[PDB]
Amino acid sequence: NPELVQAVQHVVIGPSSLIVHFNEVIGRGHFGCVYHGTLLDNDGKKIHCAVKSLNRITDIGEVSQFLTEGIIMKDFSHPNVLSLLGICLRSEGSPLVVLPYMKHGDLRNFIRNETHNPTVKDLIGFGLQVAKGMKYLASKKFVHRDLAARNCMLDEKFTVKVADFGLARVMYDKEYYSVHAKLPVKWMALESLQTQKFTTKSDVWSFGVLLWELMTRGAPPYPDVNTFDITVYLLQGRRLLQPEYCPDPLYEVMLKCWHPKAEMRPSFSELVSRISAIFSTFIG
Ligand SMILES: C#Cc1n[nH]c2c(-c3cn([C@@H](C)c4ccccc4)c(=O)[nH]c3=O)cc(F)cc12
């Protein structure tokens, strides 16, 4: 579609400014690989970036959706949302996503690493930052669908940036199940498991699970509940139990995130207000 080609031009980065270090692999996933990259500005200043390949994107429909997603995400400008520097649509090679490099990697690996010692307050602070980034994304009507601690990055100042190192995004929820690479079952809202649909309210459910990952320092949720038994576990009214070091008011926030009625779950704006009040009770 020629109009889509013209609209996406401002998102495109090419060999005139980007060098992909294809032998410097940062990470490998089902979507493809993540490589170190260097972007040069007009004064020759170097910008360290991460370059994610989206191997699934090959046919004209997928490529059009990729261009649409790049236009949408190029507009992102919020301290707790990972910016999209640009995209590369090479004549030869799979499409590439150009992101700012994140010095401290993903939030899950960070809190799980035994050499790190984040306090309960630092963990609540990371949750508050994620809630702010999700309040921004929700205001843009952007439904994440894969919010989890593994998908939130930490920059050189320990600022949390909501990001996505999962499968290439789909425009429609009906394409999501087909495209999956396991579904993030243990982060999904009850209605997404049953009806295959995703909304900002199902992102709120995932945020509650992400808060649980933070308070357990990256423990796998429902380790003892098989993926195929999660839907029934949630129907029996059962939930993730309160982590040992999770304050009661923050566990109450998690319970509201997992309300069986999506319309009754708090909004991200309410979560920012509530978690800010809880965070303010911790000294340090
Ligand atoms: C089709 C398709 C795509 N699938 N994913 C894409 C991306 C991508 C974006 N971002 C950041 C801008 C982000 C994402 C979601 C929420 C907050 C911040 C990532 O972190 N990873 C990505 O792969 C960029 C893009 F131009 C196209 C696609």
Side-chain angles (χ1 to χ4, degrees), residues 80 106-113 116-135 138 144 146-152 154 158 160 162 183-194 200-284:
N80 301 116
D106 76 275
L107 184 66
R108 184 180 194 251
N109 267 314
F110 186 77
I111 63 186
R112 284 184 56 85
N113 193 314
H116 304 148
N117 305 291
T119 66
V120 168
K121 182 181 193 174
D122 291 343
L123 296 170
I124 299 175
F126 293 147
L128 176 55
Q129 284 183 64
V130 176
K132 291 180 180 178
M134 291 301 308
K135 180 190 165 178
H144 198 296
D146 198 7
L147 182 62
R150 61 179 175 270
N151 279 328
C152 294
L154 285 159
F158 285 94
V160 186
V162 170
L183 295 144
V185 171
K186 304 191 178 172
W187 282 259
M188 288 164 73
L190 181 54
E191 71 276 6
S192 296
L193 290 165
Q194 301 177 297
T200 290
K201 295 299 203 195
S202 64
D203 277 349
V204 168
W205 180 296
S206 297
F207 176 71
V209 184
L210 183 156
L211 289 179
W212 187 97
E213 299 187 85
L214 280 173
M215 307 316 287
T216 58
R217 292 196 51 185
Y222 325 93
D224 54 352
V225 185
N226 282 306
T227 66
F228 50 81
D229 293 330
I230 290 289
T231 311
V232 180
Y233 180 94
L234 295 174
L235 290 169
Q236 298 165 5
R238 304 189 84 193
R239 297 295 188 258
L240 289 166
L241 302 174
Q242 182 173 7
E244 191 192 338
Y245 295 110
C246 171
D248 299 343
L250 190 67
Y251 185 60
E252 187 271 342
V253 166
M254 297 182 197
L255 295 188
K256 293 312 181 284
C257 293
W258 309 319
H259 200 298
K261 302 178 175 179
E263 75 283 353
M264 305 306 295
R265 293 182 195 142
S267 62
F268 281 111
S269 171
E270 286 163 24
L271 289 166
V272 168
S273 295
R274 185 69 188 126
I275 299 170
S276 278
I278 294 171
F279 182 78
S280 83
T281 75
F282 286 79
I283 293 156

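Residue numbers count from 1 along this sequence.
The shortest side-chain heavy-atom distance between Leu234 and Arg239 falls under the 4.5 Å cut-off. Proximity of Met134 to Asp203: side-chain heavy atoms (C-beta onward) are separated by under 4.5 Å at one or more points. With contacts defined as side-chain heavy-atom distances shorter than 4.5 Å, the pair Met215/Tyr245 does not qualify. Looking at heavy atoms from C-beta onward, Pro118 lies in side-chain contact with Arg217 at the 4.5 angstrom threshold. For the pair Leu107 and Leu154, the minimum side-chain heavy-atom distance is below 4.5 Å. In this structure the side chain of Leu271 never reaches within 4.5 angstrom of the side chain of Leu211, judged on heavy atoms. When side chains are defined from C-beta on, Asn109 does not count as touching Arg150, because their heavy atoms never get closer than 4.5 Å. Inter-residue side-chain proximity for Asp122 and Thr119 is flagged as met; some heavy-atom pair is nearer than 4.5 Å.
Taking OH from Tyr233 and CZ from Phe228, the interatomic distance works out to 15.5 Å, rounded to the nearest 0.5 Å. The CE atom of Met254 sits 8.5 Å away from atom CG of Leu240, with the distance rounded to the nearest 0.5 Å. In this structure, CD in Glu213 is found 9.5 Å from OG in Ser206, a value given to the nearest 0.5 Å. Atom CG of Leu183 and atom CD1 of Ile230 lie 12.5 Å apart (nearest 0.5 Å). A distance of 11.5 Å separates CG of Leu241 from SG of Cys246, quoted to the nearest 0.5 Å. In this structure, CG in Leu235 is found 9.0 Å from CG in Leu193, a value given to the nearest 0.5 Å.
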Should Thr216 and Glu244 be marked as a side-chain contact (heavy atoms from CB on, under 4.5 Å) after you check the CA-CA gap, both sets of side-chain angles, and the distance that decides it?
CA-CA 8 Å; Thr216 58; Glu244 191 192 338; over 6 Å; no
Derivation of the side-chain contact (heavy atoms from CB on, under 4.5 Å) call for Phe207 and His144
CA-CA 10 Å; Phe207 176 71; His144 198 296; over 6 Å; no
Between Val162 and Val130, does a side-chain contact (heavy atoms from CB on, under 4.5 Å) hold up when you go through it step by step?
CA-CA 6 Å; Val162 170; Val130 176; 4.0 Å; yes
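Of the possible polar contacts, one joining the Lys186 side chain to the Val225 backbone as a donor-acceptor pair under 3.5 Å is found. Of the possible polar contacts, none joining the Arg108 side chain to the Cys152 backbone as a donor-acceptor pair under 3.5 Å is found. A donor-acceptor pair is defined here as one N or O able to donate and one able to accept, closer than 3.5 Å; no such pair exists between the side chain of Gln242 and the backbone of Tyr251.
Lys256 is linked by a salt bridge (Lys or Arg N to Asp or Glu O under 4.0 Å) to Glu252, counting only residues two or more places apart in sequence or in another chain. For the salt bridge (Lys or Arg N to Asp or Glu O under 4.0 Å) test, no residue two or more places apart in sequence or in another chain qualifies with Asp106.
None of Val160, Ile278, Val272 except one satisfies the side chain to side chain contact (heavy atoms under 4.5 Å, CB included) rule with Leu128; the exception is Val272. When each of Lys132, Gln129, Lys135 is paired with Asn80, the side-chain hydrogen bond (donor to acceptor under 3.5 Å, both in side chains) condition holds for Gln129 and for no other.
Classified by interplanar angle (parallel below 30°, tilted 30° to 60°, perpendicular above 60°), the ring pair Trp205/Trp258 is tilted.
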